[PDB]
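Take a look at this single chain in structure tokens; it is the form deposited without its partner chain.
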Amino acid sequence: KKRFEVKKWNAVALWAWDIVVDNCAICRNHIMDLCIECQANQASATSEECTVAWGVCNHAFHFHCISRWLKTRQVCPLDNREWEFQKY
């Protein structure tokens, strides 16, 4: 009549780390256009640029929340070992 049956199904999923979404981590306030610094200091080009910076350890924080950490420490603010970057 009107019958379709799922025989195969190849899914695909990304796997993150889950020290939850809850926010960013190194400024914590969701991976939104917030990251703290941009929210207040808004209407500035530096805000219209706020993106996620993916680790290599797979922790990712706003670009800024990390650019601005590195000027100081290089290690990963969540997995001890150093940064590496990749993807924006």
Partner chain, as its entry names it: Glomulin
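Numbering follows the first chain given and starts at 1. We call the rigid core the largest set of C-alpha positions that still match within 1.5 Å between the two forms.
Higher mean CA temperature factor between 55-63 and 33-41: 33-41, per the PDB entry. For the pair 6-14 and 67-75, the mean B factor over Cα atoms is greater in 67-75.
We do not show the form solved in complex with its partner chain, though everything after this point is about it.
With the core superposed, residue 19 shows a C-alpha displacement of at least 2 Å between the shown form and the other one.
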